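Student: Protein chains in written order, with the entry's author numbering: chain A, 94 to 186; chain B, 466 to 549; chain C, 4 to 289, 295 to 549; chain D, 4 to 549; chain E, 4 to 549.
Each residue gets a CB set at the ideal place from its N, CA and C atoms; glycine is no exception.
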């Protein structure tokens, strides 16, 4: 965006144009801040983000999403350790 | 000119694919704002980001525009470099 | 020799087009700079767009090869109209950047199509000015470099002669004041084949009060020498009773082999010689239908072959008793009887009826304009102005300034008038965008091709270029960084008279351009831009 | 001078071929670029493959030496057909890389034999179009650079004259509109043996209104000098009463020994000379062979001349054999032109034309596509052909002469279309030929054992399939065929129903459906000539500059 | 420093890959050239692919930057297996040219999937050789550079010990002849957690004649520090009577937080210290996963140690659970070695070994070739393996150490032959795998539609066939296979009965007939690693030197 907006300033030179650019871009920023979806803990959209980030893992995206969803009221801090078994083991405290 | 700049990211992501296939370059309209068009690179399908599942973090995209604006303005308005 | 291919050829093209642009554009406006051209051991200092363009040279063969494509089509080929050379180079540069900005064959077929629709609007927007209309003075004032005396005189010459279009010639006079010579006579394109056939046998001005003309079509050489001997002796022997001397043999071209034969044929019959005057004169013309006009004026029959002179009769042969003035440069008719003027006017109406039944696009073509040139020859008066001044150099410069005024006013009445100051192109672009977008039938297609692409918006920015160069560094571009057009400005445009120093409408102030010049600039600018954009290879061998 | 041997010669050859390839191929396609050629103190800007190829020069002698081998055979020698120069240079480049990839004399003899079988498939695949068939319009439209007016007019001229094949000449007109002049006149392949026998004694265009022709078969040299003296003086003395001057001695060839004898024979009888015109004219015809014998028989029938085997047969003649015509003939250094033909003569010509037609009616279907049938059709067309002179017009001088050239391209295209044939355009006919030849050899179980070892297992067959694609690629890259993936690939199904793109309209379909065609002779000769030049370049190891 | 972007980056990568290819490939074949390497003030002259690869250097930083990506993955990281470095560079160069020839992300995702299916065929094709099978001699003969004496001796050592897999060490001898020392002793995968716990407190080789081992499963860190203090002090106080020092705490991993605690616990009881030897030693094993759990069970059975899940289980113990051995053990930083095993202990080990064997007896034929069965076999071999020390001799000093290396190559080859597998050598197995995969996909009528579109019609399938030939070409060029024509070409029949040449003898036959074999693990890993490095090089566009 730096590269993009740098060309916009060189394309409309002079101080009078600059104050117009800066004001319009500022109003765009106020739209993105309004368009933003502040997602809640219970909301099932987290699964879609989890499914994308885990390289299409059906098992992992379900478990981590449930860990957040079940604890409705407290934001869980997660630590990871190299286990021993084939299966995973969870220790909630 | 500002409308042309917003396209830059969508261009770099989905150039050399089946969105820019019918003509020389893909162009947005009034209808595409209600139901956007992308491409899932893993699967190979065309749809809406809401449908397919492509999302970004809001704070990252917002701060990119704010920080991009300030650094752009400085570079545009600099006329002197002191190396001493 | 070397062969240039790829990014390098497109690199050369861009550089040459840039340098030509800068040199030619700086000439325009109130801060119009001056160009200093070397010729031999002298110095010519001017601000004439054409003269600058004609004289730009480059050292490199590659650079010069390109230079002959951007200047020379509007420089060497453009001999009939000098004006609109600055404008063509200007639009070429503009439209070149438009083609580079939207690459690929699919965009190009869209650009070429929209620009073609803009051309159709300008051809419609043209105001067909009348002879009596006072607007001609405003056009005369602008073209004469703000001359109050000259613009008044030339405007009056056309205004006073309401009904006939005056042909104006210029000669270098002797006095300080100007002298006008008005004559009610027609000018013909025929002239002597050889100086021997004139009065005094040395290319003089032969005046006649009777003749019998014959118009041949073919170019005459050594092959037609026998056909002339058979032809001439047939009329002199058989049809001498109904024959007024001299016999005028009008044709396309007379070669020296044929001219020498016709000299001896004059000597063959010495009885018909009156006061030195030869009774047979060959006459050449520099376009088949121009000889048809020549035939109608002098009651002459049209003949395809030279051998057709034998098979003739009293019905075909018609000897006139008017008044003609033959010349080495041109021939001049004077005395035309009411019987002859009926034949000329009827023939003129026949050409006019052909122009009435053509399309609007073909009215601005070479076909229609040549047919109008036919009419004006068939119905025109001759005026000879002898231009004067204080020195020798001041006279010949004033001669050129008169010639620019004549060329401007002729083309003003002929072709049309459009609002000057880079306004007619802005109105045409903004008009065509709005028309296509507002028309709900094709609005779906129009938006996809031009509007959503950004072609429509980029084309609006181009039309502004001329208005910018004319009125930058002035009180229009004072309020903000740059002046921007709106919806309201199309109805009532805004310019500045540089002579006075006032703001108003081109209609109010009086700034106009010739329509044919501005239209040809856009047509020729589009073609040359497209070629330059699409060239990838230069061959120097 | 210098002598280049080894890896450097092959180094230069590769570079020059590369540069010429790039310049000439960039001309092709919808994104067809433009070449800006310098000539004197002017600039010619064009996209014509032949004009680009003719004008490429190099500074180094070694580079220029090679340049005359790749361009000049399809440039300087190719005078009859202008089209198929971009095709030849393209195929040369492709096949050169095929010879380099499979080196050694054993592979080379296998490449040459497979390409030879592809050539045999193209000649089989050729569609012989008829005069009435509307496909000619599509050929006319493509060759005219998408002209709606010109393609309609020229296609009508051939279609309206159903029975006679029109010969079209072009002249620079005067008006804005075009003007057509139709004349019932024939073109003959006879021409002057020596310039002396013409009007003005310097190879001029002699016009005649009466003659007495005699057709000899033999090639005439120093051995027949005595037979001519006995022959000519027999007719001039005995049979002068029933003889219209001049006497035309039509033959195969007149050598300079015989021509000098007949010059003196004209001087022997000065009484029969009228206005400079020699009363005896020898006339040669470029034919050769016993196929070529029957063209003189056509010449004999047109002018009511007797067919004579020997020169000594001129002595034994009579009023029944000798027939002096009183029509109109125009002799020329390039060709002779007949004009005035009486109704009595046209009965003899049409009867002789029917005799050739009846021979074609009683042959097999396979032999109708042969050289024998097509030559016999060329005989008919000469015997029933009309002269048309079109005077092309326009707005300026330059627009006229450019339109003249655009007319000439359309005439050349339609002539060769009816003459030779039609193939599906868009680089499709070569793909169908290769993919056909490989499938035929592999499927044929008799020679499948040998065919697999030579072509299939080697990878020659597979590499040859990739080369046929080259033309189709250059035309339809950067368009909606190459959109779904990185590159378009042909399959088994596409051979039955091919896929192209009409660049004017913007639609996808079959060449048969849309209407894109090429002349068969151009595409066939390009493959033949491209193969030969490729072989030479690949096999050159030495350059001598002295 | 400089930044390289665009066509220059791909320009450098192409050049460095070319030079490394030329330098390493020239080593292979009967006309196998020799490389002369400078080291200090001496000269090493060799035809060893790995040693050539490790030693190639460049002057420019950009060049050396690229050079570390092509060599170093199969050079510095590959410490366990030296063989298959020439092969990996070879395939990298081949597969790089494939990725350049079919550019674009859609083609690339297809190439990667096809090569993946070739890999699956090679893993299926592998012949699992048995100990008694005479084929091992052919493998030994090829790996020893045609040594008749050595290949006989090493093959006999494995063949005579039918039941136990011998571990072989090598030492520089004194005599001209070799001397063999056979010992009934086991090698264990346990080693020191910290160097402090060894003899001399600096990671020495501690020899013992009595111990009491305890096997823990968990990975030990700062969390288990309290559990160790409670555990160790419980046994030292309560169960001291039936305890032979030292106490060995075998586990998965000991972190530095736990090691420092156990150092202080040794200092807590100074009465139990004998001649410097610490009475408590933590011992780690590199396993991981639930497959890896059962290796500690083998460790437990060998030393009569109880299996413990938690560290806190050390408290709840008794005379029935605690068992102190009085054998002989040799602890080490690399590995531990058992020696003295009483007849009572060998009964327990053999009974446990039979339990693993019985599990393998009751599985399907397909699962016998899996990772599960082969790991369970690796368990048995550790539980029943004997130590052999060969002292290699010769005429000089240099001839001995060279013969030591030649022995080590033969041992590595025979170990991996029995372990992983055997494939037909001479670049035959790759050609069989590719031609197999294409034929299987094309012949299978279900997916034939998709398979033809992606691979066959594209020309990927055919281009991949040409690559597999590369190894066979380098080996048997300039010989009587490539004699009849310019180049040898494979067919359908040659897949059933392949054709090579024995370079020692000079005869033509099948690899099965003549006796040319390769280790399966080396050939598979070369294809896997060659594909990954090839992809990276083809898709790199930028070099940062700062």
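Along the alpha helix (DSSP H) that carries residue 247 of chain D, what are the first and last residues, could you check?
Tutor: Segment: none, residue 247 of chain D is in no alpha helix (DSSP H) and carries neither H nor E.
Student: List the residues of chain B whose Cβ lies closer than 7 Å to the Cβ of residue 461 of chain C, in chain order.
Tutor: Going along chain B in sequence order, the residues near residue 461 of chain C (Cβ under 7 Å) are 492.
Student: Is it right to say residue 536 of chain C is buried, meaning 16 or more other beta carbons lie within 10 angstroms of its own, or is it exposed?
Tutor: Classification for residue 536 of chain C: buried.
Student: Would you give the residue range spanned by the beta strand (DSSP E) that residue 510 of chain E belongs to?
Tutor: Its beta strand (DSSP E) spans residues 510-512.
Student: What alpha helix (DSSP H) runs, 4 residues minimum, are completely inside the segment 413-481 of chain D?
Tutor: Entirely contained in the segment 413-481 of chain D, the alpha helix (DSSP H) runs reaching 4 residues are, in chain order, 432-446, 451-454, 463-471, 473-478.
Student: Quick one: list the residues of chain C neighbouring residue 123 of chain A, beta-carbon separation under 7 Å, in chain order.
Tutor: Those within 7 Å of residue 123 of chain A in chain C number zero; the least Cβ separation is about 25 Å.
Student: So which residues of chain E does residue 489 of chain D contact, with C-beta pairs closer than 9 Å?
Tutor: Per Cβ cutoff of 9 Å: 105, 106, 107, 108, 109, 110.
Student: Which runs of the beta strand (DSSP E), 3 residues or longer, sit entirely within the segment 305-358 of chain C?
Tutor: Those beta strand (DSSP E) runs which fall completely within the segment 305-358 of chain C and span 3+ residues are 339-341.
Student: Starting from residue 18 of chain D, trace the alpha helix (DSSP H) in both directions and tell me its first and last residue.
Tutor: That run of the alpha helix (DSSP H) goes 10-28.
Student: By the criterion of Cβ-Cβ separation under 9 Å, what are the contact partners of residue 538 of chain B in chain A?
Tutor: By Cβ distance, chain A contributes 98, 99, 102, 111, 114, 115.
Student: Between residue 149 of chain D and chain C, is any beta-carbon pair separated by less than 9 Å?
Tutor: Answer no: the Cβ-Cβ gap between residue 149 of chain D and chain C never drops below 9 Å.
Student: Using the DSSP secondary-structure output, state which residues sit across from residue 222 of chain D in a beta bridge.
Tutor: Paired residue(s): D/256.
Student: Using a C-beta to C-beta distance shorter than 8 Å, which residues of chain E count as neighbours of residue 465 of chain D?
Tutor: Correct list: 462, 465.
Student: Among the residues of its own chain, which have a CB less than 8 Å from the CB of residue 314 of chain D, if the five just before and after it don't count?
Tutor: Around residue 314 of chain D: 219, 221, 223, 227, 230, 231, 234.
Student: So, are the CB atoms of residue 133 of chain E and residue 211 of chain E less than 9 Å apart?
Tutor: Not in contact: residue 133 of chain E and residue 211 of chain E (Cβ atoms no closer than 9 Å).
Student: Rounded to a whole number of angstroms, what is the C-alpha to C-alpha distance between residue 68 of chain D and residue 547 of chain D?
Tutor: So the alpha carbons of these two residues sit roughly 9 Å apart.
Student: Taking residue 93 of chain C as the reference, which of C/541, C/532, C/544 has the closest Cα?
Tutor: The candidate whose alpha carbon is nearest that of residue 93 of chain C is C/532.
Student: So is residue 303 of chain C in contact with chain D if we call contact Cβ pairs under 9 Å?
Tutor: No, because no Cβ of chain D sits closer than 9 Å to the Cβ of residue 303 of chain C.
Student: Establish whether the CB of residue 21 of chain C and some CB of chain D are separated by less than 9 Å.
Tutor: No - not a single Cβ of chain D is within 9 Å of the one on residue 21 of chain C.
Student: Just reading off the beta strand (DSSP E) that residue 182 of chain D is part of, what are its end residues?
Tutor: Unbroken beta strand (DSSP E) run through residue 182 of chain D: 182-186.
Student: Given that a residue counts as buried once 16 or more other Cβ atoms are within 10 Å of its Cβ, and exposed if not, what is residue 524 of chain B?
Tutor: Exposed, by the Cβ-count rule.
Student: What are the boundary residues of the beta strand (DSSP E) that includes residue 521 of chain D?
Tutor: Residue 521 of chain D -> beta strand (DSSP E) spans 520-522.
Student: The alpha helix (DSSP H) with residue 67 of chain D in it runs from where to where?
Tutor: It spans 64-73 - the alpha helix (DSSP H) in which residue 67 of chain D sits, taken as one unbroken run.
Student: Tell me whether residue 227 of chain C, by its Cβ, gets closer than 8 Å to a heavy atom of the ligand NAD.
Tutor: For the structure depicted, the ligand NAD is absent and the ligand set is empty, with no information on it obtainable.
Student: Figure out for me which residue from E/28, E/44, E/43, E/48 has the closest Cα to the Cα of residue 37 of chain E.
Tutor: Nearest option by C-alpha distance: E/48.
Student: Tell me, please, whether the CB atom of residue 8 of chain C is closer than 9 Å to any CB atom in chain D?
Tutor: Answer yes: the Cβ-Cβ gap between residue 8 of chain C and chain D drops below 9 Å somewhere.
Student: Would you check if the distance between the CB atom of residue 117 of chain E and the CB atom of residue 378 of chain E is smaller than 9 Å?
Tutor: Contact: no.
Student: Starting from residue 174 of chain D and walking both ways along the alpha helix (DSSP H), at which residues does that stretch end?
Tutor: Looking at the DSSP string, residue 174 of chain D is not in any alpha helix (DSSP H); the run it does join, the beta strand (DSSP E), is 170-175.
Student: Which residue wins for smallest C-alpha separation from residue 98 of chain C, given the options C/464, C/339, C/495?
Tutor: Nearest of C/464, C/339, C/495 to residue 98 of chain C, Cα basis: C/464.
Student: Just to confirm my understanding: we take residue 395 of chain E, look at its own chain, exclude 5 residues before and 5 after, and list those with CB closer than 8 Å. What are they?
Tutor: Excluding positions up to five away in sequence, the list reads 173, 174, 175, 176, 181, 403, 406, 407, 410.
Student: Would a check of beta-carbon distances place residue 486 of chain D closer than 9 Å to chain B?
Tutor: Yes, because at least one Cβ of chain B sits closer than 9 Å to the Cβ of residue 486 of chain D.
Student: Whole angstroms are fine: how far does the CA of residue 11 of chain E sit from the CA of residue 157 of chain E?
Tutor: Their Cα atoms are separated by approximately 52 Å.
Student: Taking the beta carbon of residue 297 of chain C as the centre, do at least 16 other beta carbons fall within 10 Å, making it buried, or is it exposed?
Tutor: The residue is exposed, with fewer than 16 neighbouring Cβ atoms inside 10 Å.
Student: Just checking, does the segment 249-268 of chain E make contact with the segment 198-215 of chain E on the three C-beta pairs under 8 Å criterion?
Tutor: Yes: at least three Cβ pairs fall under 8 Å.
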